[PDB]
Structure formats: C-alpha cells, structure tokens
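Scroll down for the structure; my scribbles are underneath it.
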Amino acid sequence: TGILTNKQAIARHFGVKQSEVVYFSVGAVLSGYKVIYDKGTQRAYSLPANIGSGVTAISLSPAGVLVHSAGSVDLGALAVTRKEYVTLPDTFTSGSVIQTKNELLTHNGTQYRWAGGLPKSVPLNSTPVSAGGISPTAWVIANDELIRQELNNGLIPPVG
Amino acid sequence: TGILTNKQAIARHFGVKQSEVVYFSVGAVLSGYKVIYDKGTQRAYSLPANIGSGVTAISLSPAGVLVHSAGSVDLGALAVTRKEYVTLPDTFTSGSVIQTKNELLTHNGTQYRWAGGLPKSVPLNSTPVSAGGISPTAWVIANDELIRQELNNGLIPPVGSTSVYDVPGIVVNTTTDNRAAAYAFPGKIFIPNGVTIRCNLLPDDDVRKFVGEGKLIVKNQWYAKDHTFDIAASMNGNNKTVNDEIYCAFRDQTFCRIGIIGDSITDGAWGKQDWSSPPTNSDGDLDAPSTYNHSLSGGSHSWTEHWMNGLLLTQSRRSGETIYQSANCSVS
Ligand SMILES: [Cl-]
Ligand SMILES: [Cl-]
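Next comes the structure, spelled out in structure tokens:
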C-alpha cells in the first residue's frame with residue numbers, strides 16, 4: 013500500500029523507524045510515535061519528546077498546531093527548535109504564502125522564517141524589509157541563526 | 013508502480029506534494045510543478061518559482077541546466093541559492109568528479125562547492141588549494157557560507173546596531189533622503205565600509221546614530237551644495253591634529269580656515285570696548301545663509317584674531333598670502 017512506502021519515505025527523512033511514523037487522524041493514538049504526517053497538507057512533523065501514555069489526536073491546523081488528549085503543541089515551533097525546515101520553491105521577489113513557522117522563504121540566496129502572525133502573505137516584488145521587516149517578532153534569518161545572535165549580542169568569548 | 017513511490021520519496025525530501033513532482037522527459041509540461049527528477053542521473057532539482065503557463069521541457073544537462081519553452085535555467089545554481097546540496101561520498105584526498113554546482117566535496121570535515129567550469133575533475137591526493145584554489149570563481153566553502161562572507165567583508169554590525177539594509181524606509185542610493193527613516197528608527201544604524209547613502213542631517217540630529225565605516229551625503233541646508241560625513245572618522249577619530257594642520261599649511265602654503273565654537277569670552281568681550289556678537293535669528297541661532305565675518309566686525313579683537321595675528325606674522329616670513337583665517341562662531 014501507498015501508506016507503508018510513504019511512512020518508509022518519511023522514516024528515512026527523519027531517521028526514525030517506519031513503525032514510529034503515524035498518519036494524523038481523529039482518535040489516532042500518539043504515544044510512542046516520533047513523527048506525525050498530515051496527509052492533507054502532505055507535511056510531516058517530529059513530535060514532542062514525551063507525549064503521555066494513551067494520548068489521542070483531536071486536530072491538526074494548517075500552521076501545524078496539534079491538539080490531543082493531554083493538551084496542545086505547535087509542531088511548527090517545535091520544528092524550528094530542531095531546525096527541521098521546508099524550503100519553499102519561491103522568493104520574496106516571486107511572492108508566496110507562509111503557513112507554518114518552519115517554512116523558509118528565500119531572498120538573494122538567504123532563507124528567512126516568519127515569527128509573526130499566520131498565515132503570512134508575501135506579495136510579488138517584495139523584500140524581507142518591505143514585507144514586515146527583520147526582527148525577532150518578524151522575519152528571521154534561518155541560516156547560521158545561533159552564531160548570528162551570539163555575534164549580534166556579544167556572546168562570543170575571547171580566544172582562550 | 014516504482015514511479016509513484018519515487019515521486020513520493022522525492023516529495024517528502026523536498027517537503028512538497030506528490031503531485032508537485034515531475035519526471036523530466038521531452039515535451040513534459042512544467043507548469044505547477046515544484047520539483048523535477050532526472051531519471052538518468054537520479055538527481056532531483058527544485059524548479060524556478062514562476063515557470064510560465066503551458067511551458068514544456070526540451071532538455072536537461074548533466075550540470076542540471078534545464079531548457080524549456082520559455083527559456084533556460086541552471087537548476088544547480090538555483091539549488092545553491094536554496095542550499096539544496098548533494099554531499100558526495102568522496103574527499104579531495106580520494107578524488108572525484110564534479111558535475112553540478114550543488115555537489116559538495118569534503119576536505120577535513122568541510123564541504124566545498126565548485127563555482128568554475130564544469131565538469132570539474134579532482135585527482136587523488138588533492139586539496140581545495142591544489143585543485144583550483146579557494147575563490148568566488150573556484151572552490152567555495154558551503155558550510156556557514158553567508159556568515160563567513162559577512163565576516164570576511166566586515167558586514168557584521170556592532171552590538172546594539174542594525175545593518176542599514178534591514179532598516180525600514182531606508183533606500184540605499186545617493187539621491188533618496190534617508191533622514192526621516194533613520195531617526196524614526198529608534199536604534200543605531202550600521203553602514204559598512206564602501207557604502208554611501210544620502211542622509212540630509214539637520215543640525216540637531218545626533219550623528220552618533222550611525223556606526224560602521226560608511227559615508228553620508230549631507231545636503232547643505234542653506235546653499236546648493238553637499239557635504240560628506242565620514243562615519244569611520246566619527247567613530248574612531250580621524251587622527252588629525254590642530255598643530256599638524258597648522259604646520260602643514262605653513263609648509264604647503266595651502267589655505268587654513270580655523271573655526272571656533274565658543275561663548276562670550278571667545279565672542280570678543282572685552283577685546284575692544286565696541287565689541288558685539290555675531291548676528292543671530294529669533295531662535296537665538298547664528299543667521300544663515302550669511303556673509304558675516306566676525307573678525308572684520310564686533311569680534312575683530314577677540315583672542316582668536318590675536319592668535320591669527322601671531323600666525324600671520326609667522327607666515328609673513330615665507331609669503332604675503334593670508335593662509336590663516338578665522339571663522340569665529342562664538343556668541344555670548
Ligand atoms: Cl574613539
Ligand atoms: Cl528670523
């Protein structure tokens with residue numbers, strides 16, 4: 013079946029076992045799984061470390077917000093912490109729509125994530141500055157993200 | 013079929029829909045697709061953002077150059093912009109052949125892309141230096157590529173400043189007046205070496221707004237004229253010296269206008285009993301535009317003009333030319 017080969021494809025992408033991938037659906041038990049797959053958007057998200065035992069899925073939003081028995085988690089935000097990104101086949105110049113926190117939009121070879129409200133419309137002929145500016149609550153450069161922040165906040169120790 | 017599972021595997025790798033992957037073939041319609049697959053090389057490339065409607069595929073080269081109905085695109089170059097790389101299972105030491113701009117060859121744990129001619133032969137026991145050198149038109153380190161270039165070109169803003177390219181409203185040219193945008197922005201602004209913008213500063217504007225080593229083009233508010241503000245000199249000093257300029261002007265016989273900003277004592281009280289201040293407007297500021305010279309008027313006998321007298325009497329030992337003159341902008 014196409015399910016098994018897809019779970020297989022997903023498992024190799026994330027480096028987990030085939031048995032550790034699960035399709036989202038209503039009532040789907042989440043315990044033990046490490047990756048969830050949204051068949052509607054065809055996007056996969058790695059799951060929070062310790063989902064409780066006997067926890068079942070309720071809903072999954074277009075932004076990647078998961079609602080389940082024991083609470084709610086933003087999978088897009090979780091993917092950002094794990095640097096698990098989808099690099100959109102667009103630019104700020106070509107325009108695009110951003111749906112999740114883990115989508116990346118390119119401008120002159122540089123990738124930006126969006127940290128503000130979703131969805132984020134980006135019109136034709138735009139710029140990270142022209143389309144909401146560059147700031148912690150707006151467009152964030154994903155490439156070299158930590159080393160950039162350390163440099164911009166003087167957090168790099170002198171040699172030795 | 014093996015096609016569907018492959019498209020499936022590709023779709024998850026790039027994070028697109030299965031329907032958004034297409035195998036290359038002749039006449040294959042390209043519109044709407046986001047990834048193309050070369051079955052001969054078994055390499056996949058993400059497609060340019062807006063391929064026109066009804067566009068069909070003609071050819072796909074070993075370097076990843078795609079030819080279609082509405083033109084031609086280098087998919088390897090496009091993958092570089094998206095940092096979509098294939099890391100070859102070789103080293104410079106083991107040798108390899110490079111076919112595309114998005115292939116990476118390793119040397120001591122570091123990945124290099126090739127920006128020169130293709131294909132690129134790399135013999136056994138090589139080095140990025142030994143096999144074409146490291147340069148923008150040769151081997152390029154792919155790891156941390158942007159942050160490396162910013163560091164190697166001094167494009168990283170000092171702590172607490174923002175790069176001028178990231179500030180709302182700024183246009184980086186020499187014609188647009190960036191003054192309103194720059195001081196609407198509440199923080200400091202970093203302008204890198206070699207970069208000039210026009211910022212028609214007003215006299216009350218704190219020039220410490222700008223850091224870095226760039227330059228401002230500043231319009232004269234009273235005459236059809238521009239002035240250059242050197243931020244590097246403003247930040248680090250210009251190493252110029254009052255004595256240096258004065259002695260240099262003596263030696264070079266060049267003009268040396270000496271300006272003074274001061275109060276009552278330097279204004280000229282009481283250098284002569286009929287002393288008077290420079291003209292000032294209703295705000296209390298110096299009149300501008302102006303043809304006023306304090307040294308020929310109420311400040312004719314300020315200590316500045318006696319200072320000039322000594323300079324000119326020393327100058328007289330070389331020439332009759334009057335190279336030392338004051339601009340005494342002092343008001344009681
Ligand atoms: Cl200083
Ligand atoms: Cl007036």
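So the protein sequences, as listed, match chains A and B. FYI, the numbering for the first sequence is 13 to 172, going by the UniProt record's numbering. FYI, the numbering for the second sequence is 13 to 344, going by the UniProt record's numbering. C-beta atoms are modelled at their ideal positions from N, C-alpha and C, and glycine is treated no differently.
| Query | Result |
| --- | --- |
| Partners in chain A for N62(B), counting only beta-carbon separations shorter than 8 Å | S106 |
| Cβ pair count under 8 Å reaching 3, the region 187-206 of chain B against the region 254-268 of chain B | no |
| Neighbour flag for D102(A) against chain B, beta carbons, 8 Å | yes |
| Cut-off 7 Å between Cβ atoms - residues of its own chain near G88(B), not counting five sequence neighbours on either side | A75, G76, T112, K113, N114 |
| Within chain A, partners of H80(B) - CB distance below 7 Å | Near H80(B) there are no residues of chain A at all, since even the closest Cβ is about 16 Å away, more than 7 Å. |
| Minimum Cβ-Cβ distance from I277(B) to chain A less than 8 Å | no |
| Length-filtered (4 minimum) alpha helix (DSSP H) runs lying within the region 82-142 of chain A | 87-93 |
| heavy atom of ligand 4 below 7 Å from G249(B) C-beta | This structure lacks ligand 4; the ligands present are ligand 1 and ligand 2. |
| Cβ-heavy atom distance, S294(B) to ligand 2, below 7 Å | yes |
| Three-state secondary structure assigned by DSSP to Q233(B) | coil |
| Interface residues of chain A facing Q123(B) [CB-CB closer than 7 Å] | None at all; the shortest Cβ gap to chain A is about 14 Å. |
| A56(A) at chain B interface by Cβ criterion, 8 Å | yes |
| C-beta atoms of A69(A) and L42(A) nearer than 8 Å | yes |
| Rounded distance between the beta-carbons of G107(A) and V134(A), thought under 8 Å | 6 Å |
| Selection from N212(B), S31(B), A56(B), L136(B) that minimises the alpha carbon distance to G44(B) | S31(B) |
| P204(B) at chain A interface by Cβ criterion, 8 Å | no |
| Interface flag, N164(A) vs chain B, CB-CB below 8 Å | yes |
| Partner residues on chain A for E96(B), Cβ-Cβ distance less than 8 Å | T99 |
| Per-residue DSSP class, three states only, for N251(B) | coil |
| Under the three-state DSSP convention, the category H306(B) falls into | helix |
| Proximal residues of chain A, C-beta to C-beta of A21(B) below 7 Å | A21 |
| Separation of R94(B) from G121(A), as counted between CA atoms | 6 Å |
| Bridge partner(s) assigned by DSSP for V41(B) | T68(B) |
| Beta-carbon spacing of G181(B), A196(B) below 8 Å | yes |
| DSSP-derived helix/strand/coil call for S342(B) | strand |
| Rounded Cβ spacing between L130(B) and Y124(B) (contact assumed at less than 8 Å) | Not quite, the Cβ-Cβ distance comes to about 14 Å (not below 8 Å), so this is no contact. |
| Through-space distance from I335(B) to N250(B), alpha-carbon basis | 23 Å |
| Interface residues of the region 207-230 of chain B facing chain A [CB-CB below 7 Å] | none |
| Backbone CA spacing between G128(B) and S73(A) [nearest angstrom] | 45 Å |
| CB of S344(B) within 8 Å of CB of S294(B), strictly | no |
| Neighbouring residues, chain B, relative to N155(A) (Cβ below 9 Å) | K95, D156, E157, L158, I159 |
| Simplified DSSP state of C268(B), which is helix, strand or coil | strand |
| Counted within 10 angstroms of its Cβ, other Cβ atoms place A56(B) as buried (16 or more) or exposed | buried |
| Candidates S289(B), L324(B), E333(B), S331(B), of which the one nearest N340(B) by Cα | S289(B) |
| 8 Å Cβ cutoff, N137(A) in contact with chain B | no |
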